[PDB]
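Written out below as structure tokens is the structure these notes cover.
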Amino acid sequence: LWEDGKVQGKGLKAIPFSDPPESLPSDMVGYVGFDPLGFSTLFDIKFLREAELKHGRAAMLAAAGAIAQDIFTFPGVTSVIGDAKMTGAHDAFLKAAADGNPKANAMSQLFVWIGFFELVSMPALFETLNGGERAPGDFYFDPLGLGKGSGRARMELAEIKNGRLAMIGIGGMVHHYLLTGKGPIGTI
Amino acid sequence: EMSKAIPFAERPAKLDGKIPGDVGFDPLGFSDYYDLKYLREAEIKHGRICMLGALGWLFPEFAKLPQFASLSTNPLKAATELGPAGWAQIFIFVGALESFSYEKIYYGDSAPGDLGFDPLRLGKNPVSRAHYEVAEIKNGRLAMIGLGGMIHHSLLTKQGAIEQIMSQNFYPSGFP
Amino acid sequence: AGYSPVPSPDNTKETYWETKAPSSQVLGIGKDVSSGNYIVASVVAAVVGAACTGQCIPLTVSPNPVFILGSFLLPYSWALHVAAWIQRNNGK
Amino acid sequence: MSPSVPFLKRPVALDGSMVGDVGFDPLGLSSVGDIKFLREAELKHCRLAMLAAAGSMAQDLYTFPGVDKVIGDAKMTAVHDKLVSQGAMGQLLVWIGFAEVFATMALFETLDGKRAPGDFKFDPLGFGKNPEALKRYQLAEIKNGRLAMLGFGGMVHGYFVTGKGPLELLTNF
Ligand code: CLA
Ligand code: KC2
Ligand SMILES: CC1=C(C#C/C(C)=C/C=C/C(C)=C/C=C/C=C(C)/C=C/C=C(\C)C#CC2=C(C)C[C@@H](O)CC2(C)C)C(C)(C)C[C@H](O)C1
Ligand SMILES: CC1=C(C#C/C(C)=C/C=C/C(C)=C/C=C/C=C(C)/C=C/C=C(\C)C#CC2=C(C)C[C@@H](O)CC2(C)C)C(C)(C)C[C@H](O)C1
Ligand SMILES: CC1=C(C#C/C(C)=C/C=C/C(C)=C/C=C/C=C(C)/C=C/C=C(C)/C=C/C2=C(C)CCCC2(C)C)C(C)(C)C[C@H](O)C1
Ligand SMILES: CC1=CCCC(C)(C)[C@H]1/C=C/C(C)=C/C=C/C(C)=C/C=C/C=C(C)/C=C/C=C(C)/C=C/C1=C(C)CCCC1(C)C
Ligand SMILES: CC1=CCCC(C)(C)[C@H]1/C=C/C(C)=C/C=C/C(C)=C/C=C/C=C(C)/C=C/C=C(C)/C=C/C1=C(C)CCCC1(C)C
């Protein structure tokens with residue numbers, strides 16, 4: 001579904017009255033012609049696309065995880081964090097870590113490993129910005145071989161669109177928790 | 001031959017009126033000695049600094065960020081109150097911004113004050129661009145004057161600008 | 001003109017420069033390090049050194065050796081970012 | 001390139017020549033310094049760490065006569081601390097320091113190009129002659145040494161968390 005003329009790229013213009021910035025490339029997946037505040041002019045589009053894909057992946061994981069945590073919690077986590085939902089669970093795990101319960105180091109482990117991956121992948125971002133072969137977001141992680149050949153077009157556009165939707169959705173989820181105190185399911 | 005600003009004096013040789021914001025005003029002849037492009041860039045930077053400074057001298061008197069609600073409406077007192085860490089972060093932000101200016105001045109040639117910051121694409125129309133260039137220079141000059149006055153008024157009265165106006169203690173009692 | 005030749009250590013190269021940046025032989029063992037590597041190193045060193053310094057500012061009578069060691073990364077970060085600038089303007 | 005990390009360029013210093021070279025240097029630590037020095041260090045650490053892992057397991061299983069009286073219930077780093085007072089660790093340090101002075105001479109030769117990193121010409125039983133064998137045994141040595149570095153780290157830190165030696169830990173958990 002690259003559909004360079006229907007769903008992304010070429011004359012696609014989100015805002016009919018104002019044309020997009022010259023810097024924004026049509027070849028990039030997910031180009032609806034949207035950059036009113038001209039961020040692409042200020043910053044490298046490679047950096048911005050890396051940031052967009054990273055944010056979308058993190059937010060997609062966060063939304064799916066909020067739903068999963070609200071509907072199911074592993075055997076035993078209730079013992080260590082009582083009943084906690086969303087960011088409450090994060091705070092509860094950190095609290096128990098401070099309290100001295102060795103079982104509550106989940107967030108520390110998550111940080112260690114995610115930061116390890118980020119630290120070892122940072123050179124990938126620098127190489128991309130230095131005109132390297134790597135595209136902004138591709139980490140060459142396609143074990144199952146799901147996105148291969150024809151699917152790549154739709155897979156990439158679907159990734160970006162689902163990631164943007166998840167970026168919005170996780171924000172909605174977190175703020176609904178901050179107000180109601182409920183989960184993504186309780187509210188609905 | 002004759003200066004626009006001072007009709008009874010000869011036009012400064014370097015100031016031919018082509019550059020933005022030029023009315024032939026150079027009674028002491030800075031342009032003859034110092035590099036005119038450097039002077040123009042310095043003027044533009046000072047004007048931008050003072051435009052932001054004049055806006056921020058009065059904005060806290062109307063609204064404050066919830067984190068800094070306790071800080072005084074007096075800008076100088078708020079500066080004293082902020083603390084080293086926040087000032088250090090502001091300094092790092094300003095230095096990161098000024099790295100680009102360093103590159104453009106010492107290792108590049110460009111229109112004075114051109115750092116490539118035009119995200120909203122308001123400078124593409126040449127006529128609007130000329131008006132905006134002169135407007136930036138003149139608003140910067142006015143902000144320089146106004147912010148100097150504001151700093152001295154805050155020194156004297158130990159109050160914000162709007163507070164001083166409302167209390168009408170316009171007149172000094174001596175040195176602080 | 002009759003002075004004896006001045007002995008210099010082995011593998012002594014010419015580091016004099018009038019270019020925009022030194023020749024990357026100035027960086028010695030780190031001459032082949034990337035500019036991105038230097039940037040990341042400088043940022044990480046700055047953060048870690050500042051944190052380890054803050055963990056020792058009210059110095060006690062038993063400071064942590066690891067915090068003392070890491071506090072030396074703030075001075076290190078300066079040289080790292082200087083090297084980053086040198087390595088960005090020398091082609092890397 | 002970089003077969004190991006497929007999204008990063010192949011490390012410039014690493015050309016794939018050395019045994020166990022999968023183009024793994026994400027942080028670019030081979031660009032700084034001499035790769036011969038790093039290989040000497042890696043093989044030193046490999047051999048030391050795998051000796052250490054086998055020693056941890058073997059101390060957990062068996063202890064020489066009369067050592068139980070000296071060390072009590074100590075395990076791992078506690079045994080270290082206990083026997084530094086006795087003097088065993090001091091004697092080990094003296095003899096290892098002798099060997100390491102001679103290894104210093106060896107490293108200086110390596111940096112000059114005379115000596116291959118990690119080669120001390122120690123082959124009493126004569127295992128490595130079939131050039132093919134040595135070529136396999138070199139890969140096996142590197143891989144086992146890396147696995148052993150990780151294993152000894154895990155053993156020591158499991159002792160830290162629990163206070164139990166490797167196999168004693170594994171039995172009960
Ligand atoms: C935007 C510009 C501006 C504005 C609106 C104000 C406004 C104010 N200033 Mg001033 N001030 C400014 C800039 C400004 N200042 C600058 C740039 C400085 C220097 C850094 C000062 C330094 C300053 C001090 C030191 C003090 C003030 C004070 C004041 C207040 C009382 C003024 C007063 O008593 O006037 C009276 C006006 C005069 C005495 C006029 C000057 C006398 C000569 C003879 C006028 C000549 C006229 C002539 C035609 C001008 C053009 C000639 C040329 C073309 C050849 C008032 C709120 C006072 C204050 O707030 O005290 C608490 C105060 O003490 N200001
Ligand atoms: C096979 C080789 C061998 C090794 C490699 C070895 C190593 C160490 C180390 C390591 C660094 C220590 C620290 C240590 C310490 C003690 N050994 Mg020991 N030992 C070996 C052999 C024997 C034998 C045959 C005997 C013996 C003993 C003791 C006693 C006595 C305590 C007491 O009687 O109060 C103490 C304190 C005697 C004993 O009592 O054994 C029942 C005894 O006969 N060991 N021994
Ligand atoms: C570059 C660019 C952009 C931009 C932009 C921005 C953010 C532009 C911002 C411009 C600003 C904030 C200009 C402020 C000027 C303030 C002045 C002239 C104050 C004068 C005060 C005086 C004379 C006074 C006084 C007084 C004194 C001294 C004493 C008192 O008793 C009385 C009184 C109060 C009267 C955007 C981001 C849109 C992108 C786009 O692509 C282009
Ligand atoms: C070269 C040479 C020779 C020689 C020789 C010699 C003496 C060679 C000796 C070689 C040795 C001792 C190799 C040891 C390797 C150990 C490994 C890989 C351990 C891994 C542990 C792991 C993964 C673990 C773990 C674990 C962790 C972390 C958690 C723990 O709770 C437990 C658990 C177990 C689960 C000879 C003598 C033949 C002569 C020849 O002429 C020259
Ligand atoms: C874990 C943790 C926490 C946390 C947290 C987290 C995870 C916080 C996450 C916050 C997030 C994800 C906020 C997102 C806000 C999104 C907005 C406002 C989008 C607006 C879009 C608009 C207006 C679009 C407009 C329009 C545009 C542009 C285009 C087209 C049309 C339309 C779409 C309508 C805390 C903070 C609770 C603390 C705790 O101790 C630890
Ligand atoms: C560092 C430090 C130390 C102690 C104080 C404080 C804590 C605030 C802190 C910071 C201080 C700062 C930032 C001070 C800055 C001072 C400033 C900006 C002073 C400004 C002075 C401006 C003056 C005269 C302007 C005079 C203008 C005149 C005649 C104009 C007359 C004219 C007229 C009327 C007609 C046309 C011709 C011409 C010549 C243009
Ligand atoms: C072992 C041995 C036996 C016989 C002969 C032989 C020469 C071989 C000898 C070898 C000895 C050796 C190798 C000794 C080495 C010792 C060394 C390197 C000691 C170093 C000590 C340094 C120390 C504490 C530094 C502490 C620094 C501090 C608080 C700094 C303070 C601060 C920090 C960190 C941050 C905020 C500002 C503030 C408060 C000033």
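Chain lettering (A, B, ...) mirrors the order of the structure tokens, residue numbering begins at 1 for each chain separately, and ligand numbering begins at 1 in order of display.
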
*What residues have any atom no more than 9 Å from ligand 6 when counting only C-alpha atoms and all ligand atoms, and can you list them as a PyMOL selection string?*
chain B and resi 5+25+27+50+75-77+79-80+144-152+154-155

task: Could I get the residue neighbourhood of ligand 5 at 12 Å, counting only C-alpha atoms and all ligand atoms, as a PyMOL selection string?
output: chain A and resi 13-15+32-37+55-56+58-63+65-66+85-95+107+161+163-179+181

Residue selection dump (N, CA and C atoms) as a compact mmCIF listing (two decimals), in the first residue's frame:
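result-v7.txt, freshly written:
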```txt
# COMPACT_ATOMS: atom_id res chain seq x y z
N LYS A 13 -1.86 16.32 0.46
CA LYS A 13 -1.67 17.51 1.28
C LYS A 13 -2.71 17.56 2.39
N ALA A 14 -2.26 17.40 3.63
CA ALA A 14 -3.16 17.43 4.78
C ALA A 14 -3.91 18.76 4.85
N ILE A 15 -3.21 19.86 4.60
CA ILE A 15 -3.79 21.20 4.68
C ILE A 15 -3.86 21.78 3.27
N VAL A 32 1.91 12.55 4.49
CA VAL A 32 0.63 13.16 4.12
C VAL A 32 0.80 14.64 3.80
N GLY A 33 2.03 15.14 3.81
CA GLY A 33 2.26 16.55 3.57
C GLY A 33 2.08 17.43 4.78
N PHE A 34 2.27 16.87 5.98
CA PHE A 34 1.94 17.56 7.23
C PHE A 34 3.23 17.96 7.95
N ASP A 35 3.51 19.26 7.96
CA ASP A 35 4.57 19.82 8.79
C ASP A 35 4.35 21.33 8.89
N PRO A 36 3.23 21.78 9.46
CA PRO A 36 2.94 23.23 9.44
C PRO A 36 3.98 24.07 10.16
N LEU A 37 4.47 23.61 11.31
CA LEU A 37 5.43 24.38 12.09
C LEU A 37 6.86 24.21 11.60
N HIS A 55 9.29 6.52 19.06
CA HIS A 55 8.14 6.92 19.87
C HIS A 55 6.93 6.06 19.57
N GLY A 56 6.68 5.78 18.29
CA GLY A 56 5.54 4.96 17.93
C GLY A 56 5.65 3.55 18.45
N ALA A 58 7.46 2.56 21.11
CA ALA A 58 7.31 2.61 22.56
C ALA A 58 5.85 2.81 22.95
N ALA A 59 5.13 3.67 22.22
CA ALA A 59 3.74 3.95 22.57
C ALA A 59 2.83 2.78 22.21
N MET A 60 3.10 2.09 21.11
CA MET A 60 2.34 0.89 20.78
C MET A 60 2.52 -0.16 21.85
N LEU A 61 3.77 -0.38 22.27
CA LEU A 61 4.02 -1.31 23.37
C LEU A 61 3.31 -0.85 24.63
N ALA A 62 3.35 0.45 24.93
CA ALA A 62 2.74 0.95 26.15
C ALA A 62 1.23 0.77 26.15
N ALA A 63 0.58 1.02 25.02
CA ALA A 63 -0.87 0.86 24.95
C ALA A 63 -1.26 -0.61 25.06
N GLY A 65 0.42 -2.90 26.44
CA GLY A 65 0.73 -3.32 27.79
C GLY A 65 -0.24 -2.80 28.82
N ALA A 66 -0.76 -1.59 28.63
CA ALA A 66 -1.80 -1.10 29.52
C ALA A 66 -3.03 -1.98 29.45
N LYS A 85 -2.30 0.10 38.95
CA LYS A 85 -2.58 0.12 37.54
C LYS A 85 -1.83 1.21 36.81
N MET A 86 -1.35 0.91 35.61
CA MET A 86 -0.67 1.91 34.80
C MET A 86 0.52 2.47 35.56
N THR A 87 0.73 3.78 35.49
CA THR A 87 1.88 4.39 36.15
C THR A 87 1.90 4.10 37.64
N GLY A 88 0.74 3.77 38.22
CA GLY A 88 0.73 3.34 39.60
C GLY A 88 1.58 2.11 39.83
N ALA A 89 1.57 1.18 38.87
CA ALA A 89 2.42 -0.01 38.99
C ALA A 89 3.90 0.36 38.94
N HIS A 90 4.27 1.28 38.06
CA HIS A 90 5.65 1.75 38.02
C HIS A 90 6.07 2.32 39.37
N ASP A 91 5.25 3.22 39.91
CA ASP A 91 5.57 3.83 41.19
C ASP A 91 5.62 2.79 42.30
N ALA A 92 4.71 1.81 42.26
CA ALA A 92 4.67 0.77 43.29
C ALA A 92 5.93 -0.08 43.25
N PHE A 93 6.37 -0.47 42.06
CA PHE A 93 7.59 -1.27 41.96
C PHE A 93 8.79 -0.49 42.48
N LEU A 94 8.90 0.79 42.11
CA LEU A 94 10.01 1.59 42.63
C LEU A 94 9.92 1.74 44.14
N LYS A 95 8.70 1.87 44.65
CA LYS A 95 8.52 2.04 46.08
C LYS A 95 8.99 0.82 46.82
N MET A 107 11.43 -2.64 37.38
CA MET A 107 11.68 -1.42 36.63
C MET A 107 13.18 -1.19 36.44
N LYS A 161 1.41 4.47 10.92
CA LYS A 161 0.07 4.92 11.27
C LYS A 161 -0.37 4.36 12.62
N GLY A 163 1.62 3.44 14.94
CA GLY A 163 2.45 4.07 15.96
C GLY A 163 1.95 5.45 16.34
N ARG A 164 1.53 6.24 15.36
CA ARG A 164 0.95 7.54 15.67
C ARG A 164 -0.34 7.39 16.48
N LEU A 165 -1.19 6.45 16.06
CA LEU A 165 -2.42 6.20 16.80
C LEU A 165 -2.11 5.78 18.23
N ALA A 166 -1.08 4.96 18.42
CA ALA A 166 -0.70 4.53 19.76
C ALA A 166 -0.10 5.67 20.57
N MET A 167 0.64 6.57 19.91
CA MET A 167 1.15 7.74 20.60
C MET A 167 0.00 8.55 21.20
N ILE A 168 -1.06 8.75 20.41
CA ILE A 168 -2.23 9.44 20.95
C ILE A 168 -2.89 8.60 22.04
N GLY A 169 -3.03 7.29 21.79
CA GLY A 169 -3.82 6.46 22.68
C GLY A 169 -3.20 6.30 24.06
N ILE A 170 -1.88 6.14 24.12
CA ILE A 170 -1.23 5.97 25.42
C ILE A 170 -1.32 7.26 26.22
N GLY A 171 -1.22 8.41 25.56
CA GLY A 171 -1.43 9.66 26.27
C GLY A 171 -2.83 9.74 26.85
N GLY A 172 -3.83 9.40 26.04
CA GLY A 172 -5.19 9.36 26.55
C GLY A 172 -5.32 8.42 27.73
N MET A 173 -4.72 7.23 27.62
CA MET A 173 -4.79 6.24 28.69
C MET A 173 -4.17 6.76 29.98
N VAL A 174 -2.97 7.32 29.88
CA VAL A 174 -2.26 7.79 31.07
C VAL A 174 -3.04 8.92 31.73
N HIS A 175 -3.57 9.86 30.94
CA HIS A 175 -4.26 10.98 31.55
C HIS A 175 -5.62 10.57 32.12
N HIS A 176 -6.30 9.63 31.46
CA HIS A 176 -7.51 9.07 32.04
C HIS A 176 -7.21 8.38 33.36
N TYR A 177 -6.06 7.71 33.46
CA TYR A 177 -5.67 7.14 34.74
C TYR A 177 -5.41 8.23 35.77
N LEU A 178 -4.73 9.30 35.37
CA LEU A 178 -4.41 10.36 36.31
C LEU A 178 -5.67 11.02 36.85
N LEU A 179 -6.75 11.05 36.06
CA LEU A 179 -7.99 11.66 36.54
C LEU A 179 -8.90 10.65 37.23
N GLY A 181 -8.36 7.39 37.77
CA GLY A 181 -7.70 6.33 38.51
C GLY A 181 -7.96 4.95 37.98
```

**Item:** Neighbourhood of ligand 4 at 8 Å, counting only C-alpha atoms and all ligand atoms, reported as a VMD selection string
**Value:** chain D and resid 47 49 to 55 57 122 to 128 143 to 155 158 to 159 165 to 167 169 to 170

Can I get the selected residues back with N, CA and C atoms, as a JSON list (two decimals), in the first residue's frame?
```json
[["chain", "number", "residue", "atom", "x", "y", "z"],
["D", 47, "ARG", "N", 41.02, -17.08, 29.62],
["D", 47, "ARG", "CA", 41.63, -18.18, 30.35],
["D", 47, "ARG", "C", 41.44, -18.01, 31.85],
["D", 49, "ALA", "N", 39.09, -16.33, 33.47],
["D", 49, "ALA", "CA", 37.70, -16.45, 33.86],
["D", 49, "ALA", "C", 37.21, -17.89, 33.77],
["D", 50, "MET", "N", 37.69, -18.66, 32.80],
["D", 50, "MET", "CA", 37.23, -20.05, 32.74],
["D", 50, "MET", "C", 37.91, -20.90, 33.80],
["D", 51, "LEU", "N", 39.19, -20.63, 34.09],
["D", 51, "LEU", "CA", 39.78, -21.24, 35.27],
["D", 51, "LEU", "C", 38.98, -20.88, 36.51],
["D", 52, "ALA", "N", 38.53, -19.62, 36.60],
["D", 52, "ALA", "CA", 37.78, -19.17, 37.77],
["D", 52, "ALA", "C", 36.43, -19.86, 37.88],
["D", 53, "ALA", "N", 35.73, -20.04, 36.76],
["D", 53, "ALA", "CA", 34.43, -20.69, 36.81],
["D", 53, "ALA", "C", 34.56, -22.16, 37.19],
["D", 54, "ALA", "N", 35.49, -22.87, 36.54],
["D", 54, "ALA", "CA", 35.73, -24.25, 36.93],
["D", 54, "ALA", "C", 36.16, -24.34, 38.39],
["D", 55, "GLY", "N", 36.95, -23.37, 38.85],
["D", 55, "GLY", "CA", 37.37, -23.38, 40.24],
["D", 55, "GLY", "C", 36.23, -23.13, 41.20],
["D", 57, "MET", "N", 33.03, -23.93, 40.70],
["D", 57, "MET", "CA", 32.26, -25.17, 40.77],
["D", 57, "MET", "C", 33.01, -26.24, 41.56],
["D", 122, "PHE", "N", 52.72, -22.83, 25.04],
["D", 122, "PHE", "CA", 52.43, -23.82, 26.07],
["D", 122, "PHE", "C", 51.57, -24.91, 25.45],
["D", 123, "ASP", "N", 52.22, -26.00, 25.03],
["D", 123, "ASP", "CA", 51.52, -27.15, 24.44],
["D", 123, "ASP", "C", 52.23, -28.43, 24.85],
["D", 124, "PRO", "N", 52.30, -28.72, 26.16],
["D", 124, "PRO", "CA", 52.97, -29.95, 26.60],
["D", 124, "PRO", "C", 52.42, -31.21, 25.96],
["D", 125, "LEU", "N", 51.15, -31.47, 26.12],
["D", 125, "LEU", "CA", 50.61, -32.71, 25.59],
["D", 125, "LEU", "C", 50.64, -32.70, 24.08],
["D", 126, "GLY", "N", 50.92, -31.55, 23.48],
["D", 126, "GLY", "CA", 51.05, -31.45, 22.03],
["D", 126, "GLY", "C", 49.77, -31.50, 21.25],
["D", 127, "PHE", "N", 48.67, -31.00, 21.80],
["D", 127, "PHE", "CA", 47.39, -31.14, 21.13],
["D", 127, "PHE", "C", 47.33, -30.41, 19.81],
["D", 128, "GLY", "N", 47.84, -29.20, 19.78],
["D", 128, "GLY", "CA", 47.73, -28.42, 18.58],
["D", 128, "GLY", "C", 48.89, -28.52, 17.63],
["D", 143, "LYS", "N", 35.53, -19.07, 22.38],
["D", 143, "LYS", "CA", 34.11, -19.16, 22.71],
["D", 143, "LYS", "C", 33.91, -19.60, 24.16],
["D", 144, "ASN", "N", 34.65, -20.63, 24.59],
["D", 144, "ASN", "CA", 34.52, -21.11, 25.95],
["D", 144, "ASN", "C", 34.96, -20.05, 26.95],
["D", 145, "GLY", "N", 36.00, -19.28, 26.63],
["D", 145, "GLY", "CA", 36.44, -18.22, 27.52],
["D", 145, "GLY", "C", 35.44, -17.11, 27.67],
["D", 146, "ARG", "N", 34.78, -16.75, 26.58],
["D", 146, "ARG", "CA", 33.73, -15.76, 26.67],
["D", 146, "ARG", "C", 32.56, -16.28, 27.51],
["D", 147, "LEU", "N", 32.10, -17.49, 27.20],
["D", 147, "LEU", "CA", 31.05, -18.10, 28.00],
["D", 147, "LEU", "C", 31.45, -18.15, 29.46],
["D", 148, "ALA", "N", 32.73, -18.36, 29.73],
["D", 148, "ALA", "CA", 33.21, -18.48, 31.10],
["D", 148, "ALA", "C", 33.28, -17.14, 31.80],
["D", 149, "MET", "N", 33.65, -16.08, 31.08],
["D", 149, "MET", "CA", 33.57, -14.75, 31.67],
["D", 149, "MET", "C", 32.15, -14.47, 32.12],
["D", 150, "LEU", "N", 31.18, -14.73, 31.24],
["D", 150, "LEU", "CA", 29.79, -14.50, 31.62],
["D", 150, "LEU", "C", 29.38, -15.42, 32.78],
["D", 151, "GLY", "N", 29.81, -16.68, 32.74],
["D", 151, "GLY", "CA", 29.43, -17.61, 33.79],
["D", 151, "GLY", "C", 30.02, -17.25, 35.14],
["D", 152, "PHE", "N", 31.27, -16.80, 35.17],
["D", 152, "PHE", "CA", 31.85, -16.41, 36.44],
["D", 152, "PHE", "C", 31.21, -15.14, 36.97],
["D", 153, "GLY", "N", 30.90, -14.18, 36.09],
["D", 153, "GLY", "CA", 30.14, -13.03, 36.54],
["D", 153, "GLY", "C", 28.83, -13.45, 37.18],
["D", 154, "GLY", "N", 28.12, -14.36, 36.51],
["D", 154, "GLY", "CA", 26.86, -14.83, 37.06],
["D", 154, "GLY", "C", 27.02, -15.55, 38.38],
["D", 155, "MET", "N", 28.06, -16.38, 38.51],
["D", 155, "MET", "CA", 28.29, -17.11, 39.75],
["D", 155, "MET", "C", 28.57, -16.15, 40.90],
["D", 158, "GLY", "N", 25.42, -14.17, 41.74],
["D", 158, "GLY", "CA", 24.47, -15.01, 42.44],
["D", 158, "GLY", "C", 24.87, -15.25, 43.88],
["D", 159, "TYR", "N", 26.18, -15.40, 44.13],
["D", 159, "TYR", "CA", 26.65, -15.47, 45.50],
["D", 159, "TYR", "C", 26.35, -14.18, 46.24],
["D", 165, "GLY", "N", 27.07, -20.74, 46.73],
["D", 165, "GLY", "CA", 27.94, -21.06, 45.63],
["D", 165, "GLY", "C", 27.14, -21.54, 44.43],
["D", 166, "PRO", "N", 27.77, -21.64, 43.26],
["D", 166, "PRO", "CA", 27.01, -21.99, 42.05],
["D", 166, "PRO", "C", 26.17, -23.25, 42.15],
["D", 167, "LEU", "N", 26.81, -24.39, 42.42],
["D", 167, "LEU", "CA", 26.09, -25.66, 42.40],
["D", 167, "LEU", "C", 25.20, -25.83, 43.63],
["D", 169, "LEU", "N", 23.64, -23.41, 45.02],
["D", 169, "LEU", "CA", 22.48, -22.65, 44.58],
["D", 169, "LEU", "C", 21.61, -23.48, 43.64],
["D", 170, "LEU", "N", 22.23, -24.08, 42.63],
["D", 170, "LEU", "CA", 21.46, -24.79, 41.61],
["D", 170, "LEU", "C", 20.69, -25.97, 42.21]]
```

At a cut-off of 9 Å, list the chain D residues touching chain C, using only C-alpha atoms, as an mmCIF file with N, CA and C atoms, in the first residue's frame.
```cif
data_model
loop_
_atom_site.group_PDB
_atom_site.id
_atom_site.type_symbol
_atom_site.label_atom_id
_atom_site.label_comp_id
_atom_site.auth_asym_id
_atom_site.auth_seq_id
_atom_site.Cartn_x
_atom_site.Cartn_y
_atom_site.Cartn_z
ATOM 1 N N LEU D 27 30.189 -0.257 20.127
ATOM 2 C CA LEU D 27 30.640 0.998 20.712
ATOM 3 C C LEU D 27 31.950 1.494 20.114
ATOM 4 N N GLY D 28 32.539 0.753 19.183
ATOM 5 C CA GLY D 28 33.763 1.193 18.537
ATOM 6 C C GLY D 28 34.958 1.268 19.461
ATOM 7 N N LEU D 29 35.110 0.292 20.355
ATOM 8 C CA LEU D 29 36.256 0.259 21.254
ATOM 9 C C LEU D 29 37.502 -0.320 20.597
ATOM 10 N N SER D 30 37.374 -0.935 19.420
ATOM 11 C CA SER D 30 38.543 -1.390 18.681
ATOM 12 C C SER D 30 39.224 -0.261 17.923
ATOM 13 N N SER D 31 38.492 0.805 17.595
ATOM 14 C CA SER D 31 39.114 1.952 16.943
ATOM 15 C C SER D 31 40.144 2.601 17.857
ATOM 16 N N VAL D 32 39.859 2.654 19.153
ATOM 17 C CA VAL D 32 40.793 3.195 20.133
ATOM 18 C C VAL D 32 41.734 2.081 20.569
ATOM 19 N N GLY D 33 43.035 2.335 20.474
ATOM 20 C CA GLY D 33 44.028 1.355 20.859
ATOM 21 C C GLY D 33 44.388 0.405 19.736
ATOM 22 N N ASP D 34 45.218 -0.574 20.089
ATOM 23 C CA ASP D 34 45.716 -1.568 19.148
ATOM 24 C C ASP D 34 44.957 -2.872 19.345
#
```

Please extract the residues at most 12 Å from ligand 2, counting only C-alpha atoms and all ligand atoms, and provide them as a VMD selection string, using the chain letters and residue numbers of this document.
chain D and resid 59 62 to 72 79 to 80 82 to 92

Margin query: Set the distance at 10 Å and use only C-alpha atoms: which residues neighbour segment 115-123 of chain B once local chain neighbours fewer than 4 positions away are removed? I'd like the list as a ChimeraX atom specification.
Written below: /A:20-22,35-42 /B:97,100-101,103-105,110-111,127-133

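Those protein and nucleic acid residues that have any atom within 10 Å of ligand 7 are, using only C-alpha atoms and all ligand atoms, residues 49, 50, 51, 52, 53, 54, 55, 56, 57, 58, 59, 60, 61, 62, 63, 64, 65, 66, 67, 68, 69, 70, 71, 72 and 74 of chain C.
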
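Note that the spacing between atom CA of residue 53 of chain A and atom CA of residue 158 of chain A amounts to 11.6 Å.
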
**Prompt:** Which residues come within 12 Å of residue 76 of chain A, counting only C-alpha atoms, excluding same-chain residues fewer than 6 positions away, as a PyMOL selection string?
**Reply:** chain A and resi 82-83+103-104

Okay, now the selection with N, CA, C and O atoms, as a compact mmCIF listing (two decimals), in the first residue's frame?
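As a result, part.txt now contains:
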```txt
# COMPACT_ATOMS: atom_id res chain seq x y z
N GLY A 82 0.64 -4.89 45.49
CA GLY A 82 -0.75 -4.76 45.86
C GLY A 82 -1.64 -4.78 44.64
O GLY A 82 -1.54 -5.67 43.79
N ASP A 83 -2.52 -3.78 44.55
CA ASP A 83 -3.31 -3.53 43.35
C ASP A 83 -2.90 -2.17 42.80
O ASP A 83 -3.18 -1.14 43.42
N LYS A 103 12.15 -8.56 45.46
CA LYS A 103 11.30 -8.95 44.35
C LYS A 103 10.92 -7.77 43.47
O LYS A 103 10.60 -7.95 42.30
N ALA A 104 10.95 -6.57 44.02
CA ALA A 104 10.54 -5.38 43.29
C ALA A 104 11.76 -4.66 42.73
O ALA A 104 12.21 -3.62 43.23
```
